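Structure assessment
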Protein chains: 2
Amino acid sequence: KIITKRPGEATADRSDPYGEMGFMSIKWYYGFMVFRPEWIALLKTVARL
Amino acid sequence: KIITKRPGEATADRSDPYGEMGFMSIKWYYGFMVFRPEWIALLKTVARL
């Protein structure tokens, strides 16, 4: 999701009556599910022999 | 007078770039002015005989 506010009339912003600032933001959701966890293998080793 | 702001691009500003809050407000005016206050009668008692 992308929200863009460009400088100008769209940012009247009483605390700044000229609207010389703008911004843009991105936002999303994420989730993870696992089926059959026994099918994933991990080996933890040291490096650099 | 009813003013409603829904969360999203309308609310988003410098303080909250994502605009995740909305609100709704209602306001009005009212006055009262009386002629002949002797035509209104009041009687004050107790209850539950």
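- As deposited, the entry is annotated with cryo-EM as its determination method and 3.30 Å as its resolution.

1. A look at the relation of the copies chain A and chain B
- For the pair chain A and chain B, the superposition axis carries a translation of 1.6 Å, the fit reaches an RMSD of 0.9 Å, and the rotation angle comes to 120 degrees. Look at the turn and shift together and you get a three-fold axis relating the two.
- Different-surface contact between copies: only 10% of interface residues of chain A are shared with the interface of chain B.

2. Section: the packing of aromatic side chains
- Tallying each qualifying case throughout the model produces zero aromatic pairs over all chains.
- One cation-aromatic arrangement involves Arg-36 of chain A over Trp-39 of chain A; the distance from NZ or CZ to the ring centre is 4.9 Å.

3. Describing the side chain of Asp-16 of chain A
- Counting through the fold element by element, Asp-16 of chain A comes out in the loop between β1 (2-5) and β2 (23-26).
- Here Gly-19 of chain A takes part through its backbone nitrogen, which lies 3.0 Å from a polar atom of the side chain of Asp-16 of chain A.
- In this structure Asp-16 of chain A touches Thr-11 of chain A together with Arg-14 of chain B, once residues within four positions along its chain are discounted.

4. Digging into the environment of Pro-7 of chain A
Residue and element names in this part refer to chain A.
- For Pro-7, the location among the structural elements is in the loop between β1 and β2.
- Taking the C-alpha atoms as reference points, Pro-7 and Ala-41, 34 residues apart in sequence, are found 52 Å from one another.
- Apart from residues no more than four positions distant in its own chain, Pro-7 is found in contact with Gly-19, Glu-20, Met-21 and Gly-22.

Conventions used here
Residues numbered from 1 in each chain as written, not as in the entry; some residues may be left out. Chains lettered and ligands numbered in written order. Part of a larger assembly, values for the part shown. Heavy atoms only, no water. Least-squares fit on C-alpha atoms. Contact = heavy atoms within 4.5 Å. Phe/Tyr/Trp six-rings, centres within 6.5 Å; stacked < 30°, edge-to-face > 60°. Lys NZ or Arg CZ within 6 Å of the ring centre and 35° of its normal. Helix = DSSP H or I, 4+ residues; strand = E, 2+ residues; numbered from the N terminus. Polar contact = N/O pair within 3.5 Å; in protein donor to acceptor, adjacent residues only side chain to side chain.

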